[PDB]
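Participant: Please read through the structure below; I'll follow up with questions.
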Amino acid sequence: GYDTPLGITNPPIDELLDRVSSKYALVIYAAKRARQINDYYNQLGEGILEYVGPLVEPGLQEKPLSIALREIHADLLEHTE
Amino acid sequence: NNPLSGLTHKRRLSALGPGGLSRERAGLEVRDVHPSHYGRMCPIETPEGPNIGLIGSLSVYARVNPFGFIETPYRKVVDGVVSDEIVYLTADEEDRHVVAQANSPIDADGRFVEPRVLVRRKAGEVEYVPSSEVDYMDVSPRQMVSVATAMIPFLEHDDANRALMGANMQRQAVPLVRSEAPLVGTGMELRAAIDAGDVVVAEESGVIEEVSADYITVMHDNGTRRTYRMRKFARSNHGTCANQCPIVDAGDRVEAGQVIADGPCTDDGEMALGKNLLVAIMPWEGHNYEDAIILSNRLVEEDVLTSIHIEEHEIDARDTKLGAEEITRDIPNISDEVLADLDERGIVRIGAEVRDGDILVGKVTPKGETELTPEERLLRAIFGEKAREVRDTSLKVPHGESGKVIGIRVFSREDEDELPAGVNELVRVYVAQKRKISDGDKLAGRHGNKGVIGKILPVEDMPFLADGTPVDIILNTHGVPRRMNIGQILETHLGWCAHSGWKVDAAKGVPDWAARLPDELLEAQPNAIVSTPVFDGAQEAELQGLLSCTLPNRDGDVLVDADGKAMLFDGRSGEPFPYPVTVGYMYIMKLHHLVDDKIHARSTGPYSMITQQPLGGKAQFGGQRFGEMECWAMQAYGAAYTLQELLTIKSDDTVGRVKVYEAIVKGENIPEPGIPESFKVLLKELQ
Amino acid sequence: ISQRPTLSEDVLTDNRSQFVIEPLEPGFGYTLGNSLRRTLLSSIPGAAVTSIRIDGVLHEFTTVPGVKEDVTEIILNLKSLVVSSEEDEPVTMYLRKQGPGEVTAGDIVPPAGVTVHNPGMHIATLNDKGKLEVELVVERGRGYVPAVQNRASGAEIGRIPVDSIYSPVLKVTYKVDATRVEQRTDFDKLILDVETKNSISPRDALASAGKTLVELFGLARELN
Amino acid sequence: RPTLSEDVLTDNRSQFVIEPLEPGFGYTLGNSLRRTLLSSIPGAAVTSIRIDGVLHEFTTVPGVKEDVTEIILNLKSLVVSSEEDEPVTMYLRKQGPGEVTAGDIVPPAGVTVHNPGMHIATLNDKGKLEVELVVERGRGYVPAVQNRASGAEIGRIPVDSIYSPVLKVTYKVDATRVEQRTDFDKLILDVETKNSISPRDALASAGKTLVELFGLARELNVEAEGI
Amino acid sequence: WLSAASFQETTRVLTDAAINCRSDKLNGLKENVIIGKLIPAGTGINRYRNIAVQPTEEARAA
Amino acid sequence: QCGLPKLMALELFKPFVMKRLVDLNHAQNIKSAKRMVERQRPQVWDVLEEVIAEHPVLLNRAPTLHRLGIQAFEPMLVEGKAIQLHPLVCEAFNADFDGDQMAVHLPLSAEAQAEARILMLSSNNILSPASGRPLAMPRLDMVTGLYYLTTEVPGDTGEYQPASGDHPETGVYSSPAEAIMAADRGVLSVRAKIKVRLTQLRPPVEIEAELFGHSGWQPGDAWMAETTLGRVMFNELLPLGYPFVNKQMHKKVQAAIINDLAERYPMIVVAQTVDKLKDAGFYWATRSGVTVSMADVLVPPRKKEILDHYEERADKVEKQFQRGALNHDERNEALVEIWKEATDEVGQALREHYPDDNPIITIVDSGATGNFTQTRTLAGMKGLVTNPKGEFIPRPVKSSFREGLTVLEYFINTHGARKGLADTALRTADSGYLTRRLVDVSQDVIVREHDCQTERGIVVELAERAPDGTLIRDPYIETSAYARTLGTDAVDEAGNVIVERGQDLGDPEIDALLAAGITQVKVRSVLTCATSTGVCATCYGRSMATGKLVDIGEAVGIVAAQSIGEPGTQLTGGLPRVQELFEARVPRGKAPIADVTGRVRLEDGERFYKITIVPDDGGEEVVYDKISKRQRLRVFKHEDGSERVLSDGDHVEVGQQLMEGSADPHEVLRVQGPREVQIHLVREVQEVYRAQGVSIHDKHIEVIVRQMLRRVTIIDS
Amino acid sequence: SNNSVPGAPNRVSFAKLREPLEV
DNA sequence: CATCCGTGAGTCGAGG
RNA sequence: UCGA
Ligand SMILES: [Mg+2]
Ligand SMILES: [Zn+2]
C-alpha cells in the first residue's frame, strides 16, 4: 500500500524483484526482451517471423525497455538462466 | 578580470619558477605563515589549490630594498614617545629590536598610556614590556594585510579560511554595465582604483576644455593642452569589458592627481566590484539550500547584475599545395539566407547578430583532386551539377557563443600589412555579449560566502518589508555560523544603517556608547558611504546603537529594530512570517564563473590522434573523462555492459562508434562492442 | 455572527492612493490584499519603448562624436523613460537636437496618442559640435519583456532592441486592522497602498487589476 | 489560451485542477481561495449544550460509557443546516440499553440533520440521557470562551462552533509547459466538505463570493484585460 | 601481469614477466576492462548473461 | 528526477532527435535533419521532449570515492543552462552548491538503460554501502524545519487546559481538520500540547494493545492522543500503518525512522516517504524563524569574569616558573590545562545564558548542523591554537569573533588555519592512494557461490556482563554483529535455541539474544568461509545497501575498498596507522607480546625495562628487553579489572600485549597463528576509525584482510 | 574623512587617527 | 638497526 | 594560473 508510482519508478521495483532471483538478473532479463521488441518493430516492416510483439498495450511513444519492464510485472514472460 | 585583479597580480610573490623550487619539492614548512611575514607578506592572500602557500601577496606598506629583501615601515619611539620619523626595517633587523602594536594607546604628545604594553619580539614571541623598553611601534593596524585583503570589512570577525576565499574571489569579480560603489567600505577602495591604472588620472591641473565619450581634453594653467583618450569597449585578457566613462562635465576645475574618468568596476574613482543588495537572512522553501542563492527578477529587469563579455575570433587564408585559400562570399552549397549577414568580401557586417553555427568569415580552400565517389559521380550526372574543387573551410561561430558583432579587423598581405610567411588575408571578428545574470551564475560577497544562483523569482514573489519594498537576495541562515564569517552579518547591519541613515541622541549629552564615535558620523544621510578599516572601524557597541538610530522611511515609519531584524511578508502566501528576519544591505560581487561559459556537452566530434579516444576540453568540443575512480564506481555497481559501453563504443572503437551512430539513426539495436583501438596501441608499444 | 456587504473607500495623494476595504472575514485581509499586489506588479497594462535607432549607429556598443555618454548608457537612461500610449499598434517617436547644451525627455516628439510624463529626465550631455538624431518605437504590453526577442523577427541591422518594462506600477503594499475583541465584533480592515509612475492613476491601476481578477474568478462559477 | 476547470472525484471530497495560469498567478490565486472556503461560507453548528445529570464536568454522565469530553467531540462533528439566523433549540432524549445516534435527534422546523447515522454515546440499562442543544449560524471557527454565556447557568456548557461547511483544504502549485514556456502555473486544489454540501457546490459559492469583492475595484473604469 | 603492470612499477613488472614467459588468462576485473571484455562481475557473469526470455504459452497473440 | 538543461539534452540526444526529425517529415533526410538541430529550429524542442521519455542519464561528481558518486536519474527538461539536482543525493555526492560541476553520461545500449534504471537509480540507493545508514535523508533546512513543528512548547497559545470553575475543558479537538482551522484563526499554536481524536493514524504499539487488544487497527477506528498539531502532520507522511511517534525530531530520531522503514517497508515506499519529508521540512524551515543577527549571537555575561580568574591562575604559574621551581616542559603543560579548562567554563556560560529559542543554539542542539565548539569560538572564545609542531600554544585567544580578535591573535590563528588546509590537501592524496591499492588487492573478490557450507565462523562479544549484575551492550555491536549470519545455533542456558544457523541477524534477533542472556555468538565470516575464487554469499551476509542477502555477482571487494577509503580524510594513530596496518609494516611502537603464557616477573631498572616470564606449564624462563619510554599496557586481567597496570606476579595469556603501542602482526602470526592475526588486524584497524567517529562494518575490512594471508612461504622444496 | 588627498568622494571613517604615511 | 638508488605521492573541470 |  502506497502512493501511485510516477514516471520511471513505475513499475515499482520491489514487486519486480520478487519475480527474479536478484537485481543483476532482472537487468538482462528486461533488456533482452526489450531488444526483441525493437527488433519486432524494425523487422515487421520488411521481415516476417519476428519476435512476438508487445504482450501489453504500448503507451504512446513508450520506450522498448518501458514496455518490457511492464510485462515482466504482468508475469507474461518466462525466465531461464 | 577586473582592475583589482590586475593590481594584485603585479604584487604576487611566487616561490615557483627557475632558481626556486618545484611544487612537489615544497614541504609543509615552506607554505604556512611565518613570523617574519608581518607587514611584509600577507598571511591571508594565497590560493586554495595545490599552489597554497607558494603564492603570496606583498603587504600594503612594504617595499623592496636594493638587496632584494623586504623592508617594512615602523614608527620610531625615542623614549616612550612616538615620533613621526619612520625608518624601514628588514626582517633580521626587526628581530634585534622590540616592536609595539599600532593600536597601543598614545598620549596627545606621543607618550604611552600604560608602562607595560603589547610587544612583538623575535621568534614570533609576545610579552608585556615596560614602555622604557619600547623601540618602535607599528605604522598602522592594517599593516600586515595585502591590498585585496584590506577591502574586506570587519575582517577581524571572519575566520582565516573564509577570509582567504574572500580575497581570492574579489579578483574574480566581473565588470557590470555600470558600477555602484559599496555602501560599506574600508577606505582602501579609493587608492586601489587609482593605482590600478585602469582609471584616468589628471597629470597637471586646470580646467576641462572639452569632454566627449571619445576623449577628455584639459587646459593647463601654463597654456599646454593634454588630451586623454577613452578606452571604449575593449576585450580584456579574460573577455571582460574594459570601458571608461568621463566623470567631469565641461568646464570643471580639476586639480592634479584627480580621477576625471573611471573604468570597469569603478565609481567616482573607487573600486566598485559589485552592487549593494537588499538581503534577507532566512531559509526560503529550500531554494537556497546548501549555499545556493535566490534572486529578485528586478536584478534582471534593471540590469543590476548584467555584464558585457567580448570574444576574439580569428582565421587566415594560407597558401596550399592545391592553390591558395581565398576568403570570399561565395561558399559552395549555401543559400543566400545564410550569407545574408555578409558583405561583398565574405565578412560579417558590423552590427549584425550572430548565433552559434552561423558564418563569420567565408573562407574556401581548393580540395585535393581525389577521384570523387562513383556513387556521387552518378548523383552529379542526374542533376547535371559539376563539382567545385573548393571545400568549405569557413569560420563559423563556436557553440554557445552569441551576440552582436562589434568590429572587424582585416589584415591583407596585399595591403602591405606584414604577415607571417604563407598567409594572404587575416580576419578578426569581435563579438560582444550582454549576459544577463541567470541560474547557475556564481555570486559572492567579501567574506568568502560564495554560492551559485539557484532560482530567480518574479518580483512579486519576493519577501518584502512593510512599505512594499521587495528584497533583492535571500541568503540561507544555516550556512553562516558554520563558516565563522559573521562579518557578513556585521556588514549587513551597517549596510542598513548606511541606507536608512541615522542620528544619535545628543539631548542629555553624547551617549556613552557613541563616545569613541568620531563627530562626523553622529548624523548620517540616507545612502551614505562609510569606512570600516581593518583592525579598526566599527565596534559591536557602536553598531547596536546605530541600529536604534535608524531613520524612518518616507512614510515616517522605521523599518528595522535595534536587533537589526524586521518583519517580512511572504510574497507567495501573503501572510507575514512568524518571526523577525534580519534585513539589511550587503555588497555582492558577480564572479567570473558563469554557466554560459562552463556548460558543455558533446554527442560525437573529434578524436585523439594516437589513442583514438575523444579529445578533451570545451575549446575542443571534447568529451568528459571517465577516470580510474569512476571505473570503480561502475564495477562496484556491477553494471558490466554500461561500463563496457563507455570504454568501448563510446570511446576508441574505430569501427564501433560509427555503427552505433547508424544503428541509432536507423532506429535499430545497439551492436556488440569490438576491440579498443587503444589496446591495440599498447600491443604495438610492447612489441 | 454578523452580515454586512463590504465597502471600498479611498484616501488620496497625487501619485499614490490608499484604498480602505472593510469589514472583512477574520484573518482574510492579508491574503486578500496580496492577491491584488501580485496582480498589480505583474499584469497591469501600460507602455514603453521596444526598439530604437540612432544616426550613425549600427549597434549598442559605440559612441556618437560630441556626446558625453555612449550608446549603452544612453539606452540605459531611457529605461527610466515614463510613457503612456493609446495606439495598440506600434508607433514611432522622434528626437533631434544639435549644438551645445543638454538633451532631455522633453525634446522627444510624441505623435498622436503618446504622452511623456517626465520631461526633465536626463538623457545625454551634448557638448559643442555634438549632434544626436534618434528614432524611438513604443508599444503596449504588460509586465516585462526582454529586448532579445525583437532581433530575430527580421529587424534590420540598424535597429537596437531595448528591454520593455511595461508595468506602470511602482510600489504596492498593505496593512490590516483586525479587531480581535472577544465578541461578534471580530473583523478585519484592509488598507491597500498603491503608487504609480505618473503614467496612470493609482485608482485606474486598481481598476484594471479588478477587471482582470473578475474575469478569472468567474470560471469558478460556471457549471459543468 | 483560456483556462480550464477539471475534477477528480470522491463522495465527500474531490480535487480540482486549474491550468494554465499566467506565470506567477498560481500562488496569486492559491492561498486566497483557500481562506475563502474555510471562512467565507455560512452554515450552522453547535454553540452550547446542557446535560441533565451534570453539575460539574469531571464526572461522567450517569449511565453513559463515554466521558463528558468524548460526547462534546462527537457532537462537534454533527452536521446541521438551520434556515433562520436566530438561535434555535433541539432536544435529544433516549433511555434504556442501546446506542444513541443523530437519527434520534428531534429537530425544529427548517433544521435538517445530514448524518443520522453518527455515533454519539453508548447508553446502558437504567441509563437516562436528556440533552438541550443550541444551534446558531455563522462563518468559520469560533472558540468556546466566547460562548460562556449562552445557556442557563444550571449546567450550560460552551462548545467550539464549527460553522463552516468546509472541513479541510490544501493546494499545490506545479508548472505547466505552454508553447515554449514552462513558466505557466497549474493549480491543484483539495477540498473536503461536510455531508451538508457537495465540494463541487462549495467551490461555486466560494467562487461567486470572491467575484463580488473584486467588483468594487473593477467598477471604477473596467479598462483592460483579455481572455 | 596485466593487472600487475597497470598498477605500479610497470617497468619492473614487464622485465620479469617477459623473462618468465608468463601467460595471462584474461579472467579478472582489471584484466577484462583493458581489453574491453565484459567484466567478470555483476551482470557480466554467465549465470545472468546467458538468459533466454520467452512469452508464456498462456500469453498468445490476440 | 534531475533538471537537464534544454541546450545540454539536444546535444546528448542529437542522433536520437535526428531520427525522429526525419520520422515526422520535419526533415527530408538525415543530412537536413542535422542542419535543423544545429540551427536550433523551433521544431526540435517539441521532438526532444518526446525522445527523452523515461530515458535515464548519469550524474557523476568528482571525486568519485564510493559507488554513490555516480547515480542515475530520470531526465527532466528545463529552461536555463544549469543541472538541477535533488537535495537528498547531496550527501551521496558530497556536493554543495558553491559552484560544483557534475558530469552527465547518456546510456545507449538496451542493457545500459536497464543497469541505469534498476541498479543505479537514485531512488533505489538510499542506504550507504558502508554502514547501512540512510544517506538520502533530511539534512539541513529539512531537519531544522521538522525539529521546529515537532517541538513541545509549554506555554504556547491554544494549549490544553483542564476544566475548573465555570469554564470546561479547553484544548480538545474532534479531528485534525478542526485544529487546522484553529491555528488559521490564530487560536492554536502548531507547537503546543493538545488532545485530538484521530481516525487515520495507527496509535503506538503500547497504546493500540490497550485500546484494541491488537484487534488490528483500521482506517476509521478512533483514539485520543496527547501531542502537538505539528507532530500529527508529520505522522501523515510516514504514513498509515506505521505506529505514531510522539517525540521531537532530532536528526538521530529521523535517522532511525527511515532505517526502520528501510528494513520493513519496501523501497518505493521509503523513496516516496522520504520525498514527502523534504517538502515538509523546507516549507517549515521557512516559517521556523531561524535567523542570525548580531543580537542572537551573544557574548557571555561572565566573559571577563571567567577569563580574569584563569589569567590570575596563569600569572601564578608564570611566577612559579620565574623562581625556577617548575620545569619548562611542565610550565606549558600546565598552562595548556589552565586554558583548556577556561574554554569549557566559557562554553557552559553560553548554554544556560542562551535560550533554546536562540537560532544559533536551535540549529546546534537539533542535529541540523554545526558544533557547539564552533558556537564557543563564535560568541565565547577561540581558545588554544596549534603550534607548527602541533602542540597547543601556551598563549590563548581570549577573544571571540563577535568581539573582534586582536591583530596579533588573527596572525597566529591564520598560521594554523593554512596548515590545516595544507594537511587537508595532503591526506586526500594519501587517502586516495591507499584507496587505489585497496581496490587492486581485492578485485578478484566476487560473490560466486550461494554458500560455502563450512561450519567455521568466529566468536562475537555480544555484550559485556555488568559487575553489579545484569548486562551491558558491547560498544562494538553495530559494526561486528548486526549484519552477520549465524554459523552455529545460539542457545541460552536452557536447551531452547533462540536463533538458528543460516539465519541473518536483525534488530529484533539481537534483542532476542540480548534478553536471553547469551553474550557470545558464532557467526559466518569472509575470513572463515573458504571458496575457490572470491567468497560465497552466505558468509558475507546482508548487503548493507539492499538490507537483504547479497546477490550472486556483487563485486564486494571494490565496494569494501571504497567503503574504507571514502571517509579516510577525517583523521589525525591517525591515517598513517591505517596504512601501516594494511601494508603490514613492522610498527613504530613495536610493543612486544608474550611468547608463552605464564606468571609475570617484573624486574624494572631505571635505565631499562626488562621483563621475564615464567612458563605456566613447566617450560623455560623467557625474557624480553624494553625501552623505558614505552609503558606497560593496562590489560584486563583475571581480576576483571582492566585498569590494573602490568605488575610482577600477574598472569598473562599467550601473545598478550606487554606494553603500550602496537604489536608486530608478523610475530602475532608465528606466535598465535593465522586466524588470530586476522582478528587483531580487523580490530586494530577499527580502533582507528572509531576514534574519529567513523563506522565501517567489520565486513569490509575483513575482505581486504582475507586477501593478505592467501599466500604461504616455502620452507623446504 | 579617510583619504582627503586626491579630490575624492567623502567616505567617513570610524577610526583612530591615521596620519603616519599614505599608502 | 642505519645508508644509496629507484618508485611512489586524490579526482574532475577551465584557460593560453 | 583559476574552480569544486
Ligand atoms: Mg563545493
Ligand atoms: Zn562461505
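We name chains A, B, ... following the order of the C-alpha cells; residues begin at 1 in each chain, and ligands are numbered from 1 as shown.
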May I have the residues within 7 Å of ligand 2, computed using only C-alpha atoms (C1' of nucleotides) and all ligand atoms, as a count of residues only?

Facilitator: 13

Participant: Tell me the residues of chain B close to chain A, meaning within 12 Å using only C-alpha atoms, as a list in words.

Facilitator: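 Output check: residues 637, 638, 639, 640, 641, 642, 663, 664, 666, 667, 668, 669, 670 and 671 of chain B.
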
Participant: Let me make sure I understand: among F:581, F:261, F:521, F:515, which one has the smallest atom-to-atom distance to residue F:500 if we use only C-alpha atoms?

Facilitator: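 Checking each candidate against residue F:500, we get F:521 as the closest.
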
Participant: Compile the residues of chain E that lie within 10 Å of chain B, evaluated using only C-alpha atoms, and express the compilation as a short mmCIF file (atom, residue, chain, number, x, y, z; two decimals) with N, CA, C and O atoms, in the first residue's frame.

Facilitator:
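Once everything was written out, this is out_25.cif:
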```cif
data_model
loop_
_atom_site.label_atom_id
_atom_site.label_comp_id
_atom_site.auth_asym_id
_atom_site.auth_seq_id
_atom_site.Cartn_x
_atom_site.Cartn_y
_atom_site.Cartn_z
N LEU E 14 57.17 -5.68 -16.21
CA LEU E 14 57.33 -6.18 -17.58
C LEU E 14 58.61 -7.00 -17.75
O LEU E 14 58.57 -8.10 -18.32
N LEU E 29 38.76 -8.45 -13.15
CA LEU E 29 38.17 -7.15 -13.43
C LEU E 29 39.11 -6.25 -14.23
O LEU E 29 38.79 -5.86 -15.36
N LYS E 30 40.26 -5.93 -13.64
CA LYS E 30 41.25 -5.09 -14.31
C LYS E 30 41.61 -5.65 -15.67
O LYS E 30 41.70 -4.92 -16.65
N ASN E 32 39.85 -7.54 -17.65
CA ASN E 32 38.76 -7.51 -18.62
C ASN E 32 38.41 -6.10 -19.08
O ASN E 32 38.00 -5.90 -20.22
N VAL E 33 38.58 -5.12 -18.19
CA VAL E 33 38.34 -3.73 -18.54
C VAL E 33 39.27 -3.28 -19.67
O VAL E 33 38.83 -2.63 -20.62
N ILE E 34 40.54 -3.64 -19.55
CA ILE E 34 41.55 -3.20 -20.50
C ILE E 34 41.24 -3.65 -21.92
O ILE E 34 41.22 -2.84 -22.85
N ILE E 35 40.99 -4.94 -22.10
CA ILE E 35 40.70 -5.47 -23.42
C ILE E 35 39.26 -5.18 -23.84
O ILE E 35 38.87 -5.47 -24.97
N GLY E 36 38.47 -4.63 -22.93
CA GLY E 36 37.11 -4.23 -23.26
C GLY E 36 36.07 -5.33 -23.13
O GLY E 36 34.91 -5.13 -23.49
N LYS E 37 36.47 -6.49 -22.63
CA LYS E 37 35.54 -7.59 -22.41
C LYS E 37 34.57 -7.26 -21.28
O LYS E 37 34.80 -6.33 -20.50
N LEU E 38 33.48 -8.01 -21.19
CA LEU E 38 32.55 -7.87 -20.07
C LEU E 38 33.23 -8.31 -18.79
O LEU E 38 33.72 -9.43 -18.70
N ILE E 39 33.27 -7.42 -17.80
CA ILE E 39 33.97 -7.71 -16.55
C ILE E 39 33.31 -8.90 -15.84
O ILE E 39 32.09 -9.03 -15.85
N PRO E 40 34.13 -9.79 -15.26
CA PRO E 40 33.62 -11.00 -14.62
C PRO E 40 32.94 -10.70 -13.30
O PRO E 40 33.30 -11.29 -12.28
N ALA E 41 31.96 -9.81 -13.31
CA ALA E 41 31.21 -9.48 -12.11
C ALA E 41 29.86 -8.87 -12.49
O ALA E 41 29.66 -8.44 -13.63
N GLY E 42 28.94 -8.85 -11.52
CA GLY E 42 27.61 -8.31 -11.75
C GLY E 42 26.88 -9.03 -12.87
O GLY E 42 26.84 -10.26 -12.92
N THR E 43 26.32 -8.25 -13.80
CA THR E 43 25.60 -8.80 -14.94
C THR E 43 26.54 -9.43 -15.96
O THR E 43 26.11 -9.92 -17.00
N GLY E 44 27.83 -9.40 -15.66
CA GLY E 44 28.84 -9.91 -16.57
C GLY E 44 28.97 -11.42 -16.56
O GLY E 44 29.30 -12.02 -17.58
N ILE E 45 28.72 -12.03 -15.41
CA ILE E 45 28.86 -13.48 -15.26
C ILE E 45 27.82 -14.24 -16.08
O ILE E 45 26.70 -13.78 -16.28
#
```

Participant: Ligand 1: which residues are within 10 Å, counting only C-alpha atoms (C1' of nucleotides) and all ligand atoms? Reply as a list in words.

Facilitator: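 So the residues close to ligand 1 are residues 290, 291, 450 and 451 of chain B; 94, 95, 96, 97, 98, 99, 100 and 101 of chain F; 3 and 4 of chain I.
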
Participant: Just the selected residues (N, CA, C and O atoms (P, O5', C5', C4', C3', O3' and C1' of nucleotides)), exported as a PDB file, in the first residue's frame, please.

Facilitator:
```pdb
ATOM      1  N   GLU B 290      22.065  24.565   0.868  1.00  0.00           N
ATOM      2  CA  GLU B 290      23.487  24.337   0.600  1.00  0.00           C
ATOM      3  C   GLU B 290      24.096  25.436  -0.263  1.00  0.00           C
ATOM      4  O   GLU B 290      24.507  25.193  -1.394  1.00  0.00           O
ATOM      5  N   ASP B 291      24.128  26.648   0.289  1.00  0.00           N
ATOM      6  CA  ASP B 291      24.849  27.790  -0.280  1.00  0.00           C
ATOM      7  C   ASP B 291      24.279  28.344  -1.593  1.00  0.00           C
ATOM      8  O   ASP B 291      24.852  29.270  -2.171  1.00  0.00           O
ATOM      9  N   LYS B 450      30.477  32.343  -0.853  1.00  0.00           N
ATOM     10  CA  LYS B 450      30.196  32.102  -2.257  1.00  0.00           C
ATOM     11  C   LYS B 450      28.822  31.487  -2.442  1.00  0.00           C
ATOM     12  O   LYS B 450      28.042  31.389  -1.496  1.00  0.00           O
ATOM     13  N   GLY B 451      28.542  31.058  -3.668  1.00  0.00           N
ATOM     14  CA  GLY B 451      27.276  30.425  -3.987  1.00  0.00           C
ATOM     15  C   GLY B 451      26.780  30.722  -5.390  1.00  0.00           C
ATOM     16  O   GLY B 451      27.024  31.797  -5.936  1.00  0.00           O
TER      17      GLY B 451
ATOM     18  N   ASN F  94      28.647  14.231  -1.927  1.00  0.00           N
ATOM     19  CA  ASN F  94      29.397  15.194  -1.133  1.00  0.00           C
ATOM     20  C   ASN F  94      29.418  16.537  -1.853  1.00  0.00           C
ATOM     21  O   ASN F  94      30.453  17.194  -1.942  1.00  0.00           O
ATOM     22  N   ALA F  95      28.264  16.938  -2.374  1.00  0.00           N
ATOM     23  CA  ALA F  95      28.199  18.098  -3.250  1.00  0.00           C
ATOM     24  C   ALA F  95      27.358  19.236  -2.683  1.00  0.00           C
ATOM     25  O   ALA F  95      26.168  19.083  -2.420  1.00  0.00           O
ATOM     26  N   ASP F  96      28.005  20.381  -2.498  1.00  0.00           N
ATOM     27  CA  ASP F  96      27.314  21.611  -2.136  1.00  0.00           C
ATOM     28  C   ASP F  96      27.005  22.399  -3.401  1.00  0.00           C
ATOM     29  O   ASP F  96      27.188  21.895  -4.502  1.00  0.00           O
ATOM     30  N   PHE F  97      26.534  23.633  -3.255  1.00  0.00           N
ATOM     31  CA  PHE F  97      26.239  24.448  -4.432  1.00  0.00           C
ATOM     32  C   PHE F  97      27.035  25.743  -4.459  1.00  0.00           C
ATOM     33  O   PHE F  97      26.477  26.817  -4.680  1.00  0.00           O
ATOM     34  N   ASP F  98      28.340  25.632  -4.235  1.00  0.00           N
ATOM     35  CA  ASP F  98      29.228  26.785  -4.318  1.00  0.00           C
ATOM     36  C   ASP F  98      29.975  26.791  -5.647  1.00  0.00           C
ATOM     37  O   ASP F  98      31.074  27.323  -5.745  1.00  0.00           O
ATOM     38  N   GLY F  99      29.364  26.195  -6.664  1.00  0.00           N
ATOM     39  CA  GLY F  99      29.937  26.176  -7.995  1.00  0.00           C
ATOM     40  C   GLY F  99      30.369  24.802  -8.459  1.00  0.00           C
ATOM     41  O   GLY F  99      31.197  24.670  -9.355  1.00  0.00           O
ATOM     42  N   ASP F 100      29.806  23.771  -7.844  1.00  0.00           N
ATOM     43  CA  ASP F 100      30.135  22.399  -8.215  1.00  0.00           C
ATOM     44  C   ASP F 100      29.717  22.090  -9.640  1.00  0.00           C
ATOM     45  O   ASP F 100      28.712  22.606 -10.124  1.00  0.00           O
ATOM     46  N   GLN F 101      30.490  21.235 -10.301  1.00  0.00           N
ATOM     47  CA  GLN F 101      30.156  20.786 -11.643  1.00  0.00           C
ATOM     48  C   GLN F 101      30.003  19.268 -11.699  1.00  0.00           C
ATOM     49  O   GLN F 101      30.859  18.529 -11.212  1.00  0.00           O
TER      50      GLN F 101
ATOM     51  P     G I   3      40.156  29.974  -7.106  1.00  0.00           P
ATOM     52  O5'   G I   3      39.026  29.058  -7.761  1.00  0.00           O
ATOM     53  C5'   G I   3      37.844  29.625  -8.318  1.00  0.00           C
ATOM     54  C4'   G I   3      36.888  28.553  -8.803  1.00  0.00           C
ATOM     55  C3'   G I   3      36.587  27.434  -7.812  1.00  0.00           C
ATOM     56  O3'   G I   3      35.623  27.784  -6.844  1.00  0.00           O
ATOM     57  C1'   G I   3      37.057  26.492  -9.923  1.00  0.00           C
ATOM     58  P     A I   4      35.772  27.301  -5.325  1.00  0.00           P
ATOM     59  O5'   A I   4      35.191  25.816  -5.348  1.00  0.00           O
ATOM     60  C5'   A I   4      33.852  25.537  -5.756  1.00  0.00           C
ATOM     61  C4'   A I   4      33.580  24.054  -5.834  1.00  0.00           C
ATOM     62  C3'   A I   4      34.141  23.210  -4.704  1.00  0.00           C
ATOM     63  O3'   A I   4      33.340  23.254  -3.541  1.00  0.00           O
ATOM     64  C1'   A I   4      34.646  22.183  -6.759  1.00  0.00           C
TER      65        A I   4
END
```

Participant: Give the residues of chain H that lie within 12 Å of chain F; count only C-alpha atoms (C1' of nucleotides), and format the answer as a list in words.

Facilitator: residues 8, 9, 10, 11, 12, 13 and 14 of chain H

Participant: Any idea which chain E residues end up within 7 Å of chain A if we count only C-alpha atoms, as a compact mmCIF listing (two decimals) with C-alpha atoms, in the first residue's frame please?

Facilitator:
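The file below, selection-v9.txt, is the result:
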```
# COMPACT_ATOMS: atom_id res chain seq x y z
CA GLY E 42 27.61 -8.31 -11.75
CA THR E 43 25.60 -8.80 -14.94
CA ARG E 47 24.80 -17.14 -14.80
CA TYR E 48 22.98 -13.90 -15.63
CA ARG E 49 24.47 -13.20 -19.06
CA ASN E 50 23.06 -16.17 -20.96
CA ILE E 51 19.33 -15.76 -20.32
CA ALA E 52 16.51 -16.92 -22.58
CA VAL E 53 13.28 -14.96 -22.16
CA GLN E 54 10.07 -16.21 -23.73
CA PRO E 55 6.36 -15.39 -23.61
CA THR E 56 4.31 -17.82 -21.50
CA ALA E 59 0.34 -15.42 -23.40
```

Participant: Using only C-alpha atoms (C1' of nucleotides) and a cut-off of 9 Å, which residues of chain B sit close to chain H? Please list them as a PDB file with N, CA and C atoms, in the first residue's frame.

Facilitator:
```pdb
ATOM      1  N   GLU B  24      56.274  19.833  -6.046  1.00  0.00           N
ATOM      2  CA  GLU B  24      56.447  18.592  -5.300  1.00  0.00           C
ATOM      3  C   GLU B  24      57.544  18.696  -4.243  1.00  0.00           C
ATOM      4  N   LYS B 598      30.710  27.793 -18.688  1.00  0.00           N
ATOM      5  CA  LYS B 598      31.011  26.494 -18.090  1.00  0.00           C
ATOM      6  C   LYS B 598      30.217  25.334 -18.677  1.00  0.00           C
ATOM      7  N   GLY B 617      38.402  18.990 -23.482  1.00  0.00           N
ATOM      8  CA  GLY B 617      38.255  20.430 -23.384  1.00  0.00           C
ATOM      9  C   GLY B 617      37.050  20.995 -24.115  1.00  0.00           C
ATOM     10  N   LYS B 618      36.417  21.989 -23.498  1.00  0.00           N
ATOM     11  CA  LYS B 618      35.278  22.685 -24.095  1.00  0.00           C
ATOM     12  C   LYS B 618      35.709  23.437 -25.346  1.00  0.00           C
ATOM     13  N   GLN B 624      33.935  14.166 -21.826  1.00  0.00           N
ATOM     14  CA  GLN B 624      34.347  14.096 -20.435  1.00  0.00           C
ATOM     15  C   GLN B 624      35.275  12.909 -20.231  1.00  0.00           C
ATOM     16  N   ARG B 625      35.911  12.839 -19.067  1.00  0.00           N
ATOM     17  CA  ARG B 625      36.782  11.713 -18.773  1.00  0.00           C
ATOM     18  C   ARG B 625      36.187  10.819 -17.699  1.00  0.00           C
ATOM     19  N   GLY B 627      37.350   8.521 -15.512  1.00  0.00           N
ATOM     20  CA  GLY B 627      38.620   8.093 -14.951  1.00  0.00           C
ATOM     21  C   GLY B 627      38.632   6.809 -14.139  1.00  0.00           C
ATOM     22  N   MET B 629      38.860   6.294 -10.982  1.00  0.00           N
ATOM     23  CA  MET B 629      37.982   6.323  -9.819  1.00  0.00           C
ATOM     24  C   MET B 629      36.524   6.114 -10.205  1.00  0.00           C
TER      25      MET B 629
END
```

Participant: Which distance in Å separates atom CA of residue F:369 and atom CA of residue F:345, to one decimal?

Facilitator: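 A separation of 22.8 Å between them.
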